[PDB]
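K.L.:
in the first instance, please consider these chains from the complex; the rest will follow:
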Amino acid sequence: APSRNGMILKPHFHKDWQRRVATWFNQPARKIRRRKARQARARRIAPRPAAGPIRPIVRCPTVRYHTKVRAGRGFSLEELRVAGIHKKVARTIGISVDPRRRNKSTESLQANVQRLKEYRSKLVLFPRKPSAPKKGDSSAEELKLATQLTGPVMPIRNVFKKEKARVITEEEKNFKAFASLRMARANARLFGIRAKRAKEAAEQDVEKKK
Amino acid sequence: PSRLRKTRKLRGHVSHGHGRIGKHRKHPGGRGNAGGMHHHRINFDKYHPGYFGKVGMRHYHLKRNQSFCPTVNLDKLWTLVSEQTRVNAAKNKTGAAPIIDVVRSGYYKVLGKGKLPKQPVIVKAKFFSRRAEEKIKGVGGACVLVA
């Protein structure tokens, strides 16, 4: 029985919902359990960073988010091939690798290679055995300065580039943004019909000539 | 606060604020929105016009990410950049118009709702309205398309 003025409501409570009720009193205790396991993991990998392997620079799909940059699943094989790192050896030195990723662009391919170049410089590699330091390991003084890195290793900051104030030229002054937007709207809509119209129009010229 | 509720003042009253003829029964009118084409017809027409029926085209797999095109008016166009750039724009004698990138702040379309101050601009946006362009050109600015 509705009142004078109000909404039409659809409460989804017609099932036996009282049996399946999830309380959240575990949340303050869960946060301690997440923290204690995270701190215990960090002491297990005490020289290695707590975040883990590095993540690539990733553009978003779904054009709503297409101007944003995230941290990804792993570096592509094309990005590792340019950087000169074998795919089975990068995983032991803290590089996330996945074979699913593609490389359609060159800017993002070069950005991750540049990201991999600065990671190799910042990586302090311990020798396999302390008695015999090998060729590709760090120097002896870098052993004493090896420390844990808190937070995400090399955080991916969506940096924006500043631009200086320019003097407007005549091409920018006389440009018609609305007219160009309306015109490109029509030609994309009318691309197929004009192509079809020019298709059979050749056979009306052939039949006229013959 | 149960002490502030109505039930504390209703102690000693037989009908408990529900009447003696029309007793507070369980469901006299039916559960939920019962009787739309029936005994609750008037309430469904005098307060919710258009409730019953279908209109428009169905769209099976709709993604809200595709239709994301946020708009900004010409009122809060100079609020996107800092106030320091607005002072130096009118102060500069060379006429160097500052660039306001609409996509950078998180909008795609520009609408010509408001008045623009008389100093040139360079507006980079994903989309423009017709009236928004003439207001920018009326000040002596430029509309720059970007994707």
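P.N.:
Yep, that arrived. Numbers count the residues shown, from 1 in each chain, chains lettered A, B, ... in the order given.
K.L.:
rest of the way, CA atoms for contacts and neighbours
P.N.:
Fine.
K.L.:
what sits against residue 115?
P.N.:
Let's take chain A. Residue A:115 makes contact with residue A:56, according to Cα atoms under 8 Å, 6 or more residues apart in numbering or on different chains.
K.L.:
nope, chain B please
P.N.:
B:74, B:75, B:135.
K.L.:
of these, closest to residue A:3?
P.N.:
Nearest to residue A:3 out of the contacts of residue B:115 is residue B:75 (Cα to Cα; 41.6 Å).
K.L.:
measure the residue nearest to the closest one when sequence neighbours are not counted to chain A for me?
P.N.:
Distance criterion Cα to Cα, 6 or more residues apart in numbering or on different chains; nearest residue to residue B:75, sequence neighbours excluded, is residue B:114 at 4.7 Å. Going from residue B:114 to chain A by Cα to the nearest Cα, to the nearest Å gives 18 Å.
K.L.:
wasn't residue B:114 part of a helix?
P.N.:
No - under DSSP: H, G, I helix; E, B strand; the rest coil, residue B:114 falls outside any helix and is assigned coil.
K.L.:
sequence below should go in as RNA strand C:
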RNA sequence: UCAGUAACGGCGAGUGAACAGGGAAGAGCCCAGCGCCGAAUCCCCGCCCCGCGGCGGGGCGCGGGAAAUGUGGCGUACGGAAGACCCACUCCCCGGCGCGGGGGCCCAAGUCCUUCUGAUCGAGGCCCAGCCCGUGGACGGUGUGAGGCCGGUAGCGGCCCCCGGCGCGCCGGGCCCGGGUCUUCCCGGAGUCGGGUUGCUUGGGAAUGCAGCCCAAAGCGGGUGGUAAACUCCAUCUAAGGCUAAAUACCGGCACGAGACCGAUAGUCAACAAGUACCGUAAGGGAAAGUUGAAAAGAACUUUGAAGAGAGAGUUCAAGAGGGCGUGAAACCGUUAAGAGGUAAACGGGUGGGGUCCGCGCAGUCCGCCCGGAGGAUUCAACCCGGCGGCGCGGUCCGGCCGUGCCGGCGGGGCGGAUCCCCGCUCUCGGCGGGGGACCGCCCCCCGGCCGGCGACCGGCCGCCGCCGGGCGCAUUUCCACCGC
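P.N.:
The block that follows adds RNA strand C to the chains above:
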């Protein structure tokens, strides 16, 4: 979060996802097939050596068997195999031995003086260490209320055992390994996909998913691209084989800690010999029921009665706590005292009478001001000294401090800015990220100049006033005590 959205729904009630984004966590891999290696593989039994509560490894078997109807190594879509040319280290891993968690035992300080009580853990005190300890003043017990009586508590406190561990060293050991360039090859899962039909299901709507029947594949192939179909471009994976921890759930079980929860008709049915007594043939149903006292000190003994039951006596602080016993209400009943009683009883208003205890009433008010006279003081006003406080427009004294005030800067810093040379990298100049420098703005500080204040916030000097303390002053001053009816 998308989202009560797309969507489904006698489009009614109602039902109702998914993508993307931010987080927790984050680990990848193995076969068949294709091929190369002389079955190069594996199980059992017997022997040796070494540990043997997980019979483990290695060695020997003209010892047996499995396996050519295919085991093992390389090898899995991210490509892989073989050959030629460069580069590069050859050292990874099994069965042995010797070099913090759990449990157990302990660790501070009053029973100190007086005083209540049946008992103190109740009250006062313990000055100059306002008793003593405190990294210990959580809790519980002890004859009401205890940090110091005790168990405990705190402590990176002490002592004694068990557990594998982390790394070192020795030997039994397998262990000769890959990466880049060029050339030649190879490569994929079938009554399976898919289609028709039917049924169930889903938000999935000309079947989203699952299943029965029928048809039934292909290799520049196949699937998907949320409307059925044809043509043509693309986009994205490689199904019909398999393994894999973490974030996640947990009304059962083990051991815990805690509560703005309930307090024996409450809280689990069950605080107790509770799933017990009891009921039904059975499936099953299913209770009620806590409290003497601090300590039994549980009433010795005398007497009546056959005894149950009493009367004395005794214990206790209290039997008015006497064995289903703390406190013992109402309905109901018995007895004592008072009152009353032929319109059932009871009630409201107004009186009157009688009881009940109370007013502790039984000679009815004191308080101020003035007068009288009897007294008794170390006593008044006024001066001197010291301290304190208030105020001041001190017409504006001097000095500090601040500004939820401003200005100035051959100023400095710390920052921020969507204002404008150098270090590094992908193609010495053009592009890119980062660090200057300059400029602007904010804050802080060095100050300096005004304004305001010290009454949300100040001190010293001066003036005035008030108070207190001490000297005098000394009795027509001042202060106490007594009565007039």
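K.L.:
contact partners for residue A:94?
P.N.:
Neighbour list for residue A:94: A:52, A:53, A:54 [criterion: Cα under 8 Å, 6+ apart].
K.L.:
most surrounded residue in the residues you listed?
P.N.:
Counting neighbours by other Cα atoms under 10 Å in any protein chain shown, residue A:54 comes out on top of those with 24 neighbours.
K.L.:
quick check: it touching residue A:97?
P.N.:
No - Residue A:54 is beyond contact range of residue A:97, at 9.4 Å (criterion: Cα atoms under 8 Å).
K.L.:
what segments of the chain are strands?
P.N.:
Let's take chain A. Secondary structure of chain A (DSSP state E): strands located at A:57-59, A:69-71.
K.L.:
I was thinking of chain B, sorry if that wasn't clear
P.N.:
Using DSSP E, strands in chain B cover B:71-73, B:99-101, B:109-111, B:122-125, B:127-128, B:142-145.
K.L.:
let's put RNA strand D on the structure above:
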RNA sequence: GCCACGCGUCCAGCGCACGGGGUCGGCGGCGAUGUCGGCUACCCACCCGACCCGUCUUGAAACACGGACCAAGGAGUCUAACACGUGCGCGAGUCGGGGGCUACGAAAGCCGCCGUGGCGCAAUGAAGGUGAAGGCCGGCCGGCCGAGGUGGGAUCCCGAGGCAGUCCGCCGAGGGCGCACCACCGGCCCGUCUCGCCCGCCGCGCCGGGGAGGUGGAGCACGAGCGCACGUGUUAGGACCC
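P.N.:
With RNA strand D added, the chains above now look like this:
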């Protein structure tokens, strides 16, 4: 009988009281073992009134139903959603609620380069889409004024006047700027209908758009929401209880 007391020029204290709500500057008795007082609450007597409560009902004391008596328990609660009103903080912004970092403490604090995301800041159309003032001057261009008007409008402003002669403040006929808000007329945005004149490009048409007049919109026209708490009301839930 009189709410009548002076001159010339021109045409104040003392008392009394039918007086802004009562005082006595008036009295008499009795009060220690039998006297005083004690509304109410203990009992009894009389007069008047007076049918046993709850509930259904137009109508109950009913020959309408429940009801021997007493003790305990015993019935609008909790979650979610929404609407309105109020209080608080911020404000075109607001918010960690999810996640991280530092006995009571499972608390509290911190992290916005953890604001992703929720609501608002823009609506309209089924959708493709579109998407929020104009006027003047000079010759479609170049300058200027630049955010609608009318009526009613609490409040604020001026001062003809008036409280020998200036200042303060007072009020004041009358004249204005007009807050919020109401009524109306206009203006702008989207869809639809009708009518035209036209212009123009990167691919000159069955093209792209403007204009004028009606009409529909939960729109604009110098913001008002966000978060928390409280109360009421309607629901889905066992849903005030049997």
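K.L.:
from RNA strand D, how far out is the residue lying closest to residue A:160 once chain neighbours are set aside?
P.N.:
Excluding the flanking residues, the one nearest residue A:160 by Cα to Cα, 6+ apart is residue B:104, at 7.9 Å. Residue B:104 is 12 Å from RNA strand D, where distance means Cα to the nearest atom of the strand, to the nearest Å.
K.L.:
what do you get for residue A:180?
P.N.:
7 Å.
K.L.:
tell me how many other residues crowd that residue.
P.N.:
With neighbours defined by other Cα under 10 Å, the count for residue A:180 comes to 12.
K.L.:
likewise for residue A:15?
P.N.:
Look at residue A:15: counted by other Cα under 10 Å, it has 8 neighbours.
K.L.:
just to revisit the earlier point, how far away is the residue nearest to residue A:160 from residue B:77?
P.N.:
Taking Cα to Cα, to the nearest Å as the measure, residue B:104 falls 12 Å from residue B:77.
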